[PDB]
Amino acid sequence: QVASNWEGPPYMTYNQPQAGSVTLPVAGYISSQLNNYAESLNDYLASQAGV
Amino acid sequence: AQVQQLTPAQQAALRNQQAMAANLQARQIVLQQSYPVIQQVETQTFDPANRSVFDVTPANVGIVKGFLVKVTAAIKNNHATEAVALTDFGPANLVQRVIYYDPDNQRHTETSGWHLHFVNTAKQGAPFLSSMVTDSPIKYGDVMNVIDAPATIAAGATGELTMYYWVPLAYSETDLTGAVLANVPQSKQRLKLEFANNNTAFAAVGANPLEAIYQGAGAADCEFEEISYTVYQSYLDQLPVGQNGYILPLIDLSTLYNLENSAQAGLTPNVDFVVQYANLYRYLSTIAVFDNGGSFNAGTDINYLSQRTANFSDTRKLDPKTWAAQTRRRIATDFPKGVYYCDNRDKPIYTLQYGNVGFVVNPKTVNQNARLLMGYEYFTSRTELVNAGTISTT
Amino acid sequence: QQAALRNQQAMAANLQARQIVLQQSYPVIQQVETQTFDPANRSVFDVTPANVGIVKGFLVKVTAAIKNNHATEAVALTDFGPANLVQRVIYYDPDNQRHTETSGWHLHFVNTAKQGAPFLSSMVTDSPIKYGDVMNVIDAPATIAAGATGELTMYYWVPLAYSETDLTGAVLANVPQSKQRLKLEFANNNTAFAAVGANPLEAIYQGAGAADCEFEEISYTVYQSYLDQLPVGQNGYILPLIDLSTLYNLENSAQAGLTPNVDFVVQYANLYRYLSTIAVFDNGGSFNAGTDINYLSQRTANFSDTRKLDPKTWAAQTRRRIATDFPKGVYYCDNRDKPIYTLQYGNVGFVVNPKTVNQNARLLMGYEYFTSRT
Amino acid sequence: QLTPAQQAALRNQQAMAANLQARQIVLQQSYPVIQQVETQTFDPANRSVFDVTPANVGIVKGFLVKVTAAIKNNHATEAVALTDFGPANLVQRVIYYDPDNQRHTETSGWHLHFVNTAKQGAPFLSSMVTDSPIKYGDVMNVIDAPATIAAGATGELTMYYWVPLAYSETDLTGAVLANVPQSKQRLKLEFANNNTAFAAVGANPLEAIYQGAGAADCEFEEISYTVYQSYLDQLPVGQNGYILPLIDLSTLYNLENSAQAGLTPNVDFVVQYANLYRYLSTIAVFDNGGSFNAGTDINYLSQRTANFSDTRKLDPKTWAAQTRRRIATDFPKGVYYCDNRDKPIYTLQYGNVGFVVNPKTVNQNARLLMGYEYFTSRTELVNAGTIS
Amino acid sequence: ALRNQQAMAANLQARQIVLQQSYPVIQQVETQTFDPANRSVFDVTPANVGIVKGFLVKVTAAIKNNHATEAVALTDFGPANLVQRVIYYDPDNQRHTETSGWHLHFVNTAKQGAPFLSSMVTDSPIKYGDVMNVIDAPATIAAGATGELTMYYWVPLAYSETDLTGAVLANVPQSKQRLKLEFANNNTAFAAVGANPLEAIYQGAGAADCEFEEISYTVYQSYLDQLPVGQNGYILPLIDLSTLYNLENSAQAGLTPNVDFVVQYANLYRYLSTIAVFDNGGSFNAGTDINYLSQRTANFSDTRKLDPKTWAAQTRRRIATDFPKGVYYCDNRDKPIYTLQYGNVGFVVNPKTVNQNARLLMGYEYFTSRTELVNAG
């Protein structure tokens with residue numbers, strides 16, 4: 001039982017920045033990445049749902 | 001083992017080495033990703049003729065490091081012709097007792113205000129929150145009056161005291177031993193504060209000025225007016241949640257950093273009076289007050305002070321001036337009249353049998369109601385701290 | 001993140017090279033300029049330092065010969081006193097980059113804050129051996145009577161490196177076309193003697209006879225502390241590269257617009273990593289020992305306060321750092337264990353909630369911070 | 001490889017790494033013990049030079065010497081007053097010798113006090129005056145002396161001296177190994193007598209304690225001394241025997257003093273660092289013919305290197321400003337301190353180093369009293385290539 | 001177990017070889033005369049030869065009474081208060097005996113069976129008796145007179161001359177043994193009228209002007225040279241040499257009348273004897289201020305609960321006389337008191353009259369094992 005997107009309990013880790021993380025980027029930036037934007041939303045929702 | 005009973009390499013073998021490698025790794029994660037916050041949690045003004053003991057509820061936030069207690073007092077004299085003068089402990093006798101219970105209902109620190117003030121002095125390296133006198137033409141010095149008390153309250157005058165107490169939970173800002181986790185919806189955590197009455201804060205001429213604040217001929221009519229106080233909680237916010245909850249140093253939050261105190265009696269002149277250090281504590285400092293029957297002398301009633309061990313008898317055994325010379329290296333002054341300090345921070349006393357290490361006073365003149373008022377400072381650990389549970393709302 | 005391992009491997013190679021320079025080189029301190037002048041003619045002077053080695057600071061010695069030419073009245077020393085002898089100090093890098101642009105009283109207070117004691121003062125002890133005020137390193141008379149002449153002296157440490165063991169902010173001045181520079185402005189006869197009822201902020205003496213006080217001379221001497229005999233390898237100099245890339249700066253400002261019982265927020269700049277903060281509540285030419293401020297705080301971006309304290313409890317935090325109190329009106333905030341970066345945790349500001357605000361009341365804000373290009 | 005200059009540099013790098021490893025094993029596993037070795041009360045009119053035998057136990061770190069004294073002014077009307085060195089002149093000379101006849105310290109009384117001050121950051125065993133209403137301060141009178149002994153009065157003196165063997169409590173450099181069977185160690189102590197501790201009005205008050213118009217009738221009553229030995233016990237034992245820092249115990253931390261004469265006004269007066277020591281500090285006392293001034297008789301103090309280049313050359317008020325950065329006060333009137341602990345002076349790195357004083361005023365019988373503090377080790381001196 | 005009976009049988013065989021092949025030597029270590037107004041504490045450093053068995057300390061003194069009219073008289077502890085405190089240290093800086101002078105003297109009496117180095121009065125017409133004055137002191141010293149004192153101490157390391165348990169093997173490469181000696185001085189040896197005569201030598205109305213003129217001491221060292229060598233090295237008793245025979249004194253206070261005051265045997269040692277000195281506020285009484293003495297186990301069973309005259313009757317069976325007033329001896333040499341968890345056997349005294357500053361001075365001798373149990377590796 002391991003999950004590739006599990007960052008911990010989702011009510012405790014949803015607004016938590018990561019370890020190094022001086023400045024965070026945005027998850028998507030037609031004008032920029034599009035299928036990387038859609039997979040950055042699917043990976044976040046898989047973290048909040050646990051596989 | 002030649003001097004100590006447990007010889008720090010073989011007292012490290014009595015501890016889990018895999019559990020303390022994981023404990024130091026979790027402490028440096030916490031100190032890297034958290035933020036020091038200090039918040040006011042409780043304020044109250046009272047008259048001590050009605051109520052003097054107060055339970056203060058601290059906030060259930062982060063990992064708590066300690067409490068800063070500001071006590072302000074106003075004192076009326078109300079005598080016809082006589083004045084009173086400040087004692088040696090003085091404004092540090094504004095708090096008579098301080099007790100802290102953690103979120104697990106485990107008692108942490110239980111001592112008086114004079115002993116809490118001296119451990120606050122001894123860990124700084126100077127008298128606590130004081131301003132030294134210098135030659136500088138730039139106006140430094142006593143501007144804000146952090147700790148302040150009048151030296152003499154005349155017949156029909158009012159004095160204003162101010163005193164600060166640091167109630168330690170964690171040992172230092174880096175060593176998080178004795179800190180408690182309070183990031184919980186509810187906890188059995190309180191801070192009990194006993195304050196000075198009109199009975200215990202004024203002593204007449206001849207009485208024991210140990211817990212008193214002012215002493216003089218006009219002390220029978222001296223009254224308090226207000227003993228307003230303020231509590232500040234110092235904690236670390238934004239704990240580094242990893243997988244399965246908070247990343248926590250488990251051995252650090254299960255160890256207690258305690259500040260108990262005691263009172264030993266039974267002294268006779270020109271023989272050793274040994275006070276046994278207790279079993280299974282890790283002693284860090286010892287403070288002895290030689291209450292010689294309501295009189296306090298500057299070393300002139302002690303032959304020698306010592307720290308003794310069962311095998312290897314005396315580890316230090318010094319004159320009252322030579323004992324005070326070891327103290328002047330640490331706090332850059334010496335303690336008040338009758339107070340003797342012993343530092344054991346680089347080699348803590350942890351001795352696995354009861355009376356194996358003791359503290360010795362060899363007095364040379366002993367009055368009737370003579371006693372030693374011991375004050376200790378130590379680490380202990382009775383509990384283990386397995387990992388916790390989460391919510392997972394449906 | 002894979003990019004946080006190389007920026008920690010670059011710190012490990014930098015700290016390996018810092019302990020090579022500090023262990024295998026020579027600390028030199030040599031006099032670069034000295035000059036004696038009359039402040040009626042000029043009071044702004046430029047000092048060309050030596051371009052050698054790794055410069056890690058300047059020691060500035062300023063003397064003065066103030067004479068009171070009044071008929072009957074005297075003047076007395078202000079609270080800032082001889083720390084207002086240098087009005088401003090500006091340092092420029094060999095690449096003509098400005099490092100430190102603070103004033104004189106703020107440079108003295110960071111010198112106080114980095115020592116743990118009042119800067120270059122002798123503490124009074126009980127010792128029978130005659131220690132104490134023997135040499136008068138920092139000295140000024142308390143009063144100057146009518147017809148008298150007071151001799152002043154004052155020392156400033158202008159820092160480049162952070163400390164003696166930490167070479168962060170230091171300057172490598174072995175460059176060919178060096179533009180290294182140290183500006184200095186001094187007190188003339190218009191900014192050092194205030195009348196009664198004036199603002200004694202930048203003044204030195206104040207009293208009923210300040211209308212006829214004047215300087216006779218001001219002499220200055222600059223000493224440069226640097227590291228000579230740097231380790232040379234096969235590929236060249238062995239240097240702490242991201243220690244000389246970092247600046248260590250000291251700035252001051254002046255904010256206005258204070259309202260009673262209203263919070264006054266001064267925002268921290270997002271590009272700096274602030275180490276300390278000094279706030280001087282100048283309440284219209286009047287200074288008070290906390291009796292005109294409700295609280296002081298360090299508020300974050302949302303609304304969250306981190307140290308919201310009474311002015312007596314704020315002073316209790318500085319007494320376990322510098323072991324005394326700053327003069328009345330001066331408030332110090334220490335952030336050396338965790339610097340205010342305000343780029344990795346929101347927009348932090350500095351709050352003063354005043355109780356009483358007079359006309360033309362301002363809030364002077366001294367800063368101390370690191371700066372790089374990360 | 002194969003060159004004895006770099007073959008010796010490789011095994012010196014391995015011996016230094018094994019020494020720093022064995023040191024922190026000792027400082028973690030040992031226990032600090034301090035115990036009394038000798039106490040004696042005497043009269044300086046009979047005898048004033050004493051020799052003390054310390055115990056050969058453990059690793060000896062140093063000695064704490066309490067000196068107590070009583071002084072009566074038997075003059076009819078005139079009083080005396082303290083000098084600037086004061087009760088530090090109760091001891092005139094401290095000499096320590098190894099169990100291998102290696103001299104460690106030969107300070108005077110005043111020079112040992114100033115090194116104790118400069119290694120603390122404050123005047124030695126003093127109490128700072130604070131604003132606290134809790135009665136801290138001067139309670140026990142650890143170092144005490146009356147400022148004035150009137151005609152017919154009596155004054156009690158107290159003084160403490162740390163005689164260092166090891167460098168600090170975390171650096172065991174200069175400490176004496178004594179848990180092996182060897183000869184006895186020797187701690188000689190010369191005290192002040194009735195000829196050296198009272199000076200008339202006009203005499204040189206360098207090594208005096210009191211000075212005044214009634215100093216001809218002043219005398220000692222008693223001098224007591226107690227010596228405590230500070231050492232480490234329960235030393236760790238490894239598989240090959242004791243685990244000891246082998247080049248820290250064979251290094252000497254020493255505290256010589258000296259003097260020079262022949263000073264000319266506005267002419268640089270050089271005192272060379274003679275031997276191949278690693279000098280850590282330097283105290284210059286400008287005895288200007290019995291007069292002691294606060295920098296007004298010196299143009300500049302300096303330190304030169306082999307190519308005549310000053311590596312520091314400061315005003316006397318700027319020389320004292322660097323002193324206030326370390327000990328948070330000024331040394332007494334005429335005493336000049338030079339800190340070199342971060343980079344010790346070593347006359348094999350950049351050539352011959354000297355100490356320069358350019359005097360402004362020079363009186364008759366003027367001299368410069370030096371005090372050194374240095375390391376001494378055994379110099380390995382391999383041949384590099386050619387012999388001719 | 002049989003690994004403790006076999007290892008003890010090899011210890012007793014190796015002790016009989018040492019006691020039959022070695023030669024007893026007693027030789028002088030150090031002599032010194034001093035003024036106690038100058039120095040009082042002396043550290044003696046004997047050589048490391050053979051198997052050390054103990055030290056003989058001869059103390060000579062001279063007391064001058066400079067009072068005008070009044071005289072002083074001897075206390076009950078007498079010349080045994082010449083040495084105030086004696087400490088021995090191992091070659092490995094391990095303390096062995098850390099007791100006082102009067103307690104060392106009474107253990108010397110208890111090990112002999114008679115007052116130590118005394119001569120008994122007999123009916124013989126041949127002039128035996130007090131010929132040499134081995135231990136001697138005048139009874140009084142008049143105003144203007146001078147008295148000569150002589151007193152011998154035996155500092156023991158081994159238990160007896162046939163039992164080498166407790167002895168020190170000083171053929172070790174560590175360091176030199178030390179013998180620290182605190183002597184009396186002018187602030188200890190003379191007590192006024194009504195003062196505490198516990199550690200004084202003379203007491204009376206002229207004690208404010210009694211001064212020491214000189215104290216001289218001499219230290220002898222009894223050791224066993226000519227040690228037997230076997231096929232593998234020194235034949236040695238490994239349990240007898242890795243065992244300390246120690247003498248230690250203590251002090252307890254806090255007594256109230258008709259209440260059992262209990263002094264607990266701490267310190268998991270094998271206690272061989274106990275000496276209790278009832279100092280009832282500077283007054284020493286012959287059993288008239290004590291109800292009984294006992295040795296109860298765990299508040300559980302008295303084992304020798306006796307009144308003070310039957311307690312002294314067991315002492316006359318042992319040392320053929322009585323110890324002085326207030327001194328009470330308890331012998332446990334046949335069955336040594338060996339507590340095994342802390343708080344297992346106590347010593348009880350029920351007083352009858354308790355004055356101010358009344359205390360109880362304990363003195364123990366015991367066997368114990370040390371650390372670094374390697375047994376001559």
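Residues numbered from 1 in each chain as written, not as in the entry; some residues may be left out. Chains lettered and ligands numbered in written order. Part of a larger assembly, values for the part shown. Heavy atoms only, no water. Residues with missing side-chain atoms left out of burial classes, pairs and counts.

- The deposited coordinates, according to the entry record, derive from cryo-EM at 2.75 Å resolution.

### Looking at the UniProt feature "domain: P3 C-terminal" (unreviewed entry) in chain B
So, point 1. The positions UniProt marks with the feature "domain: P3 C-terminal" (unreviewed entry) are residues 254-393 of chain B.
So, point 2. Taken end to end, residues 254-393 of chain B is 6% helix and 40% strand, and its two terminal C-alpha atoms sit 29 Å from one another. (UniProt positions renumbered as here; feature names shortened; annotations may be inferred. Helix = DSSP H or I, 4+ residues; strand = E, 2+ residues; numbered from the N terminus.)

### A word on the interface of chain D and chain B
So, point 1. Across the boundary between the two partners, chain D contributes 37 residues, which contact 54 residues of chain B.
So, point 2. Going through the elements one at a time, α1 (4-29), β1 (31-42), β3 (59-73), β8 (154-164) and β13 (218-233) of chain D are the ones with two or more residues in the side of chain D that touches chain B.
So, point 3. In terms of residues, the side of chain D that touches chain B owes the most to one element, β1(D), which gives 4 residues.
So, point 4. Residues of the side of chain D that touches chain B, tallied by class, amount to 19 nonpolar, 11 polar and 7 charged. (Contact = heavy atoms within 4.5 Å. Nonpolar A, V, L, I, M, F, W, Y, C, P; charged D, E, K, R; others polar.)

### With respect to the domain arrangement of chain D
Residue and element names in this part refer to chain D.
So, point 1. On domain assignment, one finds that chain D holds domain 1 (1-238) and domain 2 (239-388).
So, point 2. Each partner contributes residues to the interface: domain 1 has 51 residues there, and domain 2 has 43 residues.
So, point 3. For the pairing of domain 1 and domain 2, the buried interface totals around 4,000 Å² over both sides, and the portion due to carbon and sulfur atoms is 64%.
So, point 4. If you look at where domain 1 meets domain 2, you find 4 salt bridges.
So, point 5. Among the ionic pairs, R23 bridges to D248, the shortest N-O distance being 3.0 Å.
So, point 6. Taken together, domain 1 and domain 2 are joined by 13 residue pairs in polar contact.
So, point 7. Among the secondary structure elements, those contributing two or more residues to the side of domain 1 that touches domain 2 are α1, β6 (103-108), α2 (109-118) and β14 (237-238).
So, point 8. Ranked by residue count, the leading element in the side of domain 1 that touches domain 2 is α1, at 12 residues.
So, point 9. Of the residues in the side of domain 1 that touches domain 2, the class split is 29 nonpolar, 15 polar and 7 charged. (Domains from an automatic or database assignment. Buried area = accessible area lost by both parts, 1.4 Å probe. Salt bridge = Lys/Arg side-chain N within 4 Å of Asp/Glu carboxyl O. Polar contact = N/O pair within 3.5 Å; in protein donor to acceptor, adjacent residues only side chain to side chain.)

### Regarding the UniProt feature "domain: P3 N-terminal" (unreviewed entry) in chain B
So, point 1. Under the present numbering, the feature "domain: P3 N-terminal" (unreviewed entry) in UniProt falls on residues 1-239 of chain B.
So, point 2. What you have in residues 1-239 of chain B is 14% helix and 34% strand, and the ends, taken at the C-alpha atoms, are 42 Å apart.

### Looking at the interface of chain D and chain E
So, point 1. Listed per partner, the contact involves 16 residues of chain D and 11 residues of chain E.
So, point 2. Across the interface of chain D and chain E, roughly 960 Å² is buried in total on both sides, 36% from carbon and sulfur atoms.
So, point 3. Our count for the contact surface shared by chain D and chain E stands at 1 salt bridge.
So, point 4. Close ionic contact of E:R39 with D:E38 constitutes a salt bridge, the shortest N to O distance being 3.9 Å.
So, point 5. At the junction of chain D and chain E, the tally comes to 4 residue pairs in polar contact.
So, point 6. Breaking the side of chain D that touches chain E down by element, the ones donating at least two residues are β1 and β13 of chain D.

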